[PDB]
């Protein structure tokens, strides 16, 4: 069965103004590439090629102008708008006809993931054709997230959205896998007390049916979010340190598509040409004539 992807690139409102008066949030760079390359790479590493980008009416054309239809990277990218920021779970109503009767995956536009065998840790989630899969990650400030409570045998028994009194330090990360029920679950939701269709309510719905798999994303993975000026900066420094140490890029879509066999050596060479003058083009050119294990 096919799995489709959605990237939710919502409007951060005026919270990052005036930086985001110039460019949309998920167009801001993290070190050396646009923020949106990171969640796109995550979907690509899960084996997902068919992807809907959802953003504001102002920002959608800008994502389109940047990314096109994805064919240069062996992807099929489509676009849709969220007129009003009425909660993340709206992505499934907006995305209803894109999803059709297929399996899906949702990723937040400002989330970055780094670590080992990331290709394989997503594989187990992506292959599960029934129910929902999410990842829990130990954090210092769980109040800011969806928080998962486990019983004494490590079984997930409760999910709470931004609790004032968190039950654990396990946050739910911004990457979600769903089966064919998610659209119908979303339509039956009622708005929260904040006036939003919450993704945690979608996840609670699967939990109450005993169909939520909660996998642990271990301490040896980096899950970062780029939602404040401070966290964007930190994420920049983190990616720069890795790239400058390794001479290998994090979340380079051209590279990921080449290694996945979605584009070939000739196509990668064409992509490198316009950028040959700068470090990013030189990097893509180097990939053709080097074995990276």
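Rigid core (definition): largest C-alpha set, two forms, superposition within 1.5 Å. Residue numbers count along the first chain shown, from 1.
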{"item": "RMS Cα shift after core superposition in 9 other deposited structures of this protein, winner of 112 to 120 and 91 to 99", "value": "112 to 120"}
{"item": "Between stretches 225 to 233 and 33 to 41, more displaced by Cα RMS in 9 other deposited structures of this protein (rigid core superposition)", "value": "225 to 233"}
{"item": "Residue range whose averaged C-alpha B-factor is higher in the record, 193 to 201 or 132 to 140", "value": "193 to 201"}
{"item": "263 to 271 or 50 to 58, whichever carries the higher mean Cα B-factor", "value": "263 to 271"}
{"item": "Criterion, highest CA B-factor; candidates, 151, 76, 215, 110", "value": "151"}
{"item": "Within-chain third of residue 103 by Cα B-factor, per the entry", "value": "middle"}
{"item": "Relative C-alpha B-factor of residue 292, binned into the chain's lowest, middle or highest third", "value": "middle"}
{"item": "Modelled-residue ranking by C-alpha temperature factor, third containing residue 220", "value": "lowest"}
{"item": "Where the record places residue 122 (Cα B-factor, split into thirds across the chain)", "value": "highest"}
{"item": "Ranked against its chain, the third holding the CA B-factor of residue 93", "value": "middle"}
